[PDB]
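If you read the first sequence in the authors' numbering, its first letter stands for residue 3, the second for the next number, and so on. Yeah, the Cβ is synthetic: ideal placement off N, Cα and C, and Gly gets one too. Below is one structure, written out as structure tokens, with a few remarks after it.
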Amino acid sequence: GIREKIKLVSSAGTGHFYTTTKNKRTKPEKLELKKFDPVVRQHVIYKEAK
RNA sequence: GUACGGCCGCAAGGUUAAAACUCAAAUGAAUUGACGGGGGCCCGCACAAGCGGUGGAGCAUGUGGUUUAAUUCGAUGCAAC
RNA sequence: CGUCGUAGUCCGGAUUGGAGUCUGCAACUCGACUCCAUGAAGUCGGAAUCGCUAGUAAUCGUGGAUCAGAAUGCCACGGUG
RNA sequence: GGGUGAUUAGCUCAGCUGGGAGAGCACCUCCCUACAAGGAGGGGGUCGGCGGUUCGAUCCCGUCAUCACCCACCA
RNA sequence: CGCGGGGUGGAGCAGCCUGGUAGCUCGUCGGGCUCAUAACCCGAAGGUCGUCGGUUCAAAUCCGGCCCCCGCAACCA
RNA sequence: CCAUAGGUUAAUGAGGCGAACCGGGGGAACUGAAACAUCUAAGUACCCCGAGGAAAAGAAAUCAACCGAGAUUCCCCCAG
RNA sequence: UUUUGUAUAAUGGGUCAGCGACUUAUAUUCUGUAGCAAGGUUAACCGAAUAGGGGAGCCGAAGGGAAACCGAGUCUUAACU
RNA sequence: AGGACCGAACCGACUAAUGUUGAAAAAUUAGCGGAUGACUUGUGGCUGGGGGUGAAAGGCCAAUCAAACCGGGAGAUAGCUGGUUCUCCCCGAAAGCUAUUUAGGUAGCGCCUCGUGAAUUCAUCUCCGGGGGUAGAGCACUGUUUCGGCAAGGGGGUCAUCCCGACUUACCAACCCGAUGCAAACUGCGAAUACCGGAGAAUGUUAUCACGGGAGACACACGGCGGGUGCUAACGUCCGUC
RNA sequence: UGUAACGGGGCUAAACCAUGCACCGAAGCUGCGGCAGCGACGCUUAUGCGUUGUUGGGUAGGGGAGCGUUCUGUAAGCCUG
RNA sequence: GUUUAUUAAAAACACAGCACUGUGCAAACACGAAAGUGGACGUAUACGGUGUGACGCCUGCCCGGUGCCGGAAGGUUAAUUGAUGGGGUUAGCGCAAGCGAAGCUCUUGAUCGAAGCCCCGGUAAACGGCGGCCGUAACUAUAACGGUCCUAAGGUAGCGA
RNA sequence: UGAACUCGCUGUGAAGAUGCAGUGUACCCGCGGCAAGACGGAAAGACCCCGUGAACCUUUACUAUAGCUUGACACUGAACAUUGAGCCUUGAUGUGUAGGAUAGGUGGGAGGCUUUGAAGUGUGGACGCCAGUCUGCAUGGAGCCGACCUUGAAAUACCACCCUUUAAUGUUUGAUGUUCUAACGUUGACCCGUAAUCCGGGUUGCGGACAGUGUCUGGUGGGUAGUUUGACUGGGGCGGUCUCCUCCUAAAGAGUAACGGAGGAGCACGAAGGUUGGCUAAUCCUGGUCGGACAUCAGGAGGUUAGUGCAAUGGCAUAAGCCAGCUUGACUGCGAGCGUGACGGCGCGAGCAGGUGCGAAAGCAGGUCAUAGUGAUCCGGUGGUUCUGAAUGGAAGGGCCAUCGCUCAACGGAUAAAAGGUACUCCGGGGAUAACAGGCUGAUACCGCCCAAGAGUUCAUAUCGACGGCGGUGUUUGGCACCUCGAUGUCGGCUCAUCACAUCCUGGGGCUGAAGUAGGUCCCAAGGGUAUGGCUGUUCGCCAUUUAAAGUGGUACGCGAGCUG
RNA sequence: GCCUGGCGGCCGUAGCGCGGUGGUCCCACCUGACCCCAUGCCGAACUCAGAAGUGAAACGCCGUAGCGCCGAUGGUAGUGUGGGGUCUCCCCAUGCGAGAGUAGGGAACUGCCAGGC
């Protein structure tokens, strides 16, 4: 809600970028959670946003 | 040196100019103090600047204020506590 | 000489009871001196301002007056300067 | 008549969580000095009428009395 | 009609919005300068923050009630 | 100065009028979009000019698609 | 005629007479009906102008999927289902 | 002499009367306003529509003007007011639930019917049963409130900050408890009826389903009962049910 | 406006009431004369009949018939000076 | 004097007078597709315009807004020009999809560059506008005076229901 | 000019009846006069509302443009300076600075060069911070240098090489400023047309590279054009309302009304999410130094009363409330499937393929206790992609799959997107919508009674009267919409009626707080009679005064085919 | 037959209070712990090695009704369907109908299994 979008990059080759809207108004720390992508199907590591 | 009309003037104003009401002055010449917020001569540490301060703490002793049944009068900077 | 600090202190002992000591109708209230105990304030201090020129300022003891019984106030004395 | 306020000393007006009356001026007395002015002490209270409550109404409720103000035909 | 503000030790307003929290210039009394009051510099005392509550860990502010004020204003059968 | 503007004359053409279509210039509004401004209505209505039996178009700087067609125009399809 | 509603003063009617409104195209589709039937049809053209000639075109018997592609199946999909 | 006063010609309208199917789409009378002037008048010319002309009125421009007169576009446009013409039979509606750039426009669903097919179709009643949460009832619980009991808290009054503060009061008043209660937004609880399903007894000039053609319909009136609403007024307004 | 608030006349039980019995009163109930239409049962037909039941107020709308008239044909006809 | 021909006859409009201002002449200005006219056969005591209204008293403030007069440093900024980056093609590289120079070529838009705009003084006989609250003087009262909030100014003079 | 044979009244009444109900009354008809009625006659009515009407008018509504104006460009040339930018030809810049020492900078560093040349003191020209450089005579005639020591970022044979500022010569260019002139002008003259009131050509004078104009472009632009100002507002309006969400109204079957009742939502949390096992409030009492004041850890009472991201509501330990460990299931494709609405739309989920997490395991995990936190279509750009890509090889382009973006919130998006004036008003609807006579109603007003604390000497009621109760008239003013806007004309002035009686006067009775006189009051009675001025439009009201008395209400608040304005 | 435990089926007539009784099988307390497991400290909690001591407490069994709980019968509120009466209420005919209260009940029911005496 009215918050800045930034997409996470994959540490490897991936066709998707997970879109984060993470609040950075009290937490400057990075978000790293792992997500599923239907191509390699062995989970993707997503990094560097907000 | 003035209200309302004359007379002049663009106008102001000039010209003509008092009364009612009312009070101890109004006015010209000189003089003793006081005194600068004048200018000069003198002076006090006033100035210059030195060594020491008060007010706060504790204690003691006076003066005022205020209340109540008493909580005294005078001093009025220096020239009173 | 011994001893001690930036600590409201070794200190101070201002305050509060209990004991007494003195003088005196009488010290409860308003007096002084003492002891076992307890125990607070003071580490410059308001706007702003005070005072004299050397034994003067600054500073520590001694004495007297008043007085039955107490001053730190009153009048004097000398030391350091 | 209605509405909004005021209604405390003669003339003008502050109060107080209901404990109790007050100042200026006047009518007086003393202090400061002959007075102004000032300080202090007094003289006089329907705190408007009548009900509700209370042991008590400046600080409450109703109903009135009076004053300043407002209401209103024509639209 | 309908709309927008103000109410803060005694006076008149900052403060509020942005939460870690009660004020300024005067006023009153008492000082400092003085022979003295002003001008001026200091010291001191006192807020139902209109006021009853709500809400919160927490305010005068958030916020409803009960009152007091102003400004725009009555520009429609 | 020769010339030429100006002036004179002759020969021929143009002018003006006409029904509709047509070529060049100028060119709406209402209407539909369920509003309304792009779009539509519509280069239509109407006005100016010119011209022909028609105007226009024309004998590929055409297309087409590596395979081919072979000036133009009008009608039917392509295709709602 | 007109509205929930009309004795209604609510609009229309002097009277006769004459007049006074669905006509008409194309494209499409359903419904009815009829020929023909997995078939049914020609446009412009021109003609023995309702016949006949003219198959370019049109609809129907195949669908599924952006599309490539596949087909009584297809797309979706990891996949029979 | 005269942007003076009188006043006929001429020019012009302050009042009263006449006239507006009047003689007339501006003329008439009786008292008049002006009358060598910024006068008035005979005659011709020049100025044209979103433009003229105007000591400048949406005045004047030939009866006409917030764009005149004539023609063309034109048979403008009108969710609106309206005009539509002999005899007859069968079946027979709707005014509810929604949306809109939406309000007398339009639209989905809803009942009626024509076609063809199926059907003891479909409903009444009984038996069996589910959601119930109204009518009503109750008061622990949520809100709320009358009268009392015990007793904090707050205002008022006094002393304090030592006791982990008491004392008091012609105010206000919580937590809890007893008596008594009200309730749509409370529940210790809780119908008659209604609805719909399961099954069955009884029955019919057909009750209905499904697919394909046409639809039609929401401006509603009056009044109880159940309630809001107004004044438990209205020939007043919103909604269930008849 | 004029009685006008028994509908009028007129009222004394012609008002009101209990219980009972009779009466008037429509297209309802009972009948007579008709038009169209229909279920059951039984027989019969390229469709009716009997026995026995039984329906017809209707706007919106849906469906399905009848009469008249213009014109052309029917019409070189038929009717007729 | 002028007027809404038929509801207004006037205080309106005009007008003597006035301020402010534009205009140096091929004037400014007006007509208007643009010439040629009109201004004017005039030339700064000549011509244009606005408003107010002859004659006598005279005629204040606010430059915040908006316009006009004047000013140019600093910043925003167009046409123009076409830096750098992406693509095609071409030389290049390799076993390949693909990568990859100049020039050609499409694209992106670096830099260049003015006025207005952001600016600042003058101008209100330029348009336009020109305040509340409270205290305070020998009963009551009022407030010349002051306190305060506040603005671009707080509306002077005169006149005043 | 429906027909008519058309009487008055009371009531009913689409609520103002000749025609309905009830009832009363009346010889018929010309003729001259008078004039209530036909909601009389003339008018597609003024005012109000409505209409996805109409014109004209305005501009902090929307958009554009002629014109004016900025710059770029050209028609448009010459020269120089002023300053650059561009630029030729020949030469030249160079020291900062320490000791010797003028080292420009910089890369290289024992090999390398001159005979048309240097040497040395003499003259002389030039650049010069005087260290030296450089031509060239007097003049002769191939050398000469460096290493180590040494300054300094850094050497000094020798070579590649870069730049400063500028004169003179050559010169591109946009401006500034003069000058010149062929362009251009003449708004001068002269010559001729013409012994022409147009201006054509020519020659001269004087200006002079501009005016003017078209393409690009910035600015401004009502002069000119085109357009709107949403829907509801129990007539119009100010304020409110428009999407989502709970409890209730809402009818013991469901959606649900009225500007109905109590409130909220446009977000929050990567943690406040997933999961294993646990845990259990709150509040109050007791007691414990530094302790104003709630402070600790333990005990007791006690509990669907704590808490739940936020609102209202329902629930609560099988905890959905909080505590420790570990974690991504805030998953991708689907799905036994099941709901709700007329539709678009929108809620739940067992399970499986792939992968994941917690757990011993069962089991659970694609977000949160839960109901709200919303925004399609079309489109400007963007990664993946042979799916496709108009002659085909590429690209660009079209699509798919990832994707960024509206407060379009008037929320289901008529459009990214729009406000005002009209008494010049016009046109069509509407009484289906307003004030107005009537009706309904009687809240309001006016008025009667019941009750009667108190007033009034005593004393309720002579004359008054509280707090309240029960009614009346239509009688003021409110409420309705039932008749009108397809004409039913308003205020004051005035000639003129008539009915009612809550009676002003007389006529009659009763009481008194009535001795007499004179007033106050009540019920009983309707016959006549019931006044004049100032200011003002005045009704009215105030002011000034009469009379035996100068009353009140009803009649479309009687009285414009009655007059006045 | 009775007892103690469990799986339960059931969870307001097994509940609240009041008075007795039991260690045998069982259980609770309890013995011990740096051993498995554990305290964000503590063997409290939960373990692990168990019987020395009890029945304190908790637990089971049993009595006792003042009550939660169970609760007739009748009536009342309420009402479907017809109708009466100047009528948002009253009255009736016919068909239904609570909650609360009263009489009264009541200190749990029941199937399977192991062990005990």
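Local Cβ density within 10 Å of residue 51, reported as buried at 16 or more and exposed below that: buried
Residue 35 burial status per 10 Å Cβ neighbour count (16 or more: buried): exposed
Candidates 39, 10 and 41, of which the one nearest residue 32 by Cα: 10
Spatial neighbours of residue 13 within its chain, please: C-beta separation below 7 Å, excluding the five flanking residues on both sides. 47 and 49
In the DSSP assignment, what residue or residues form a beta bridge with residue 12? 48
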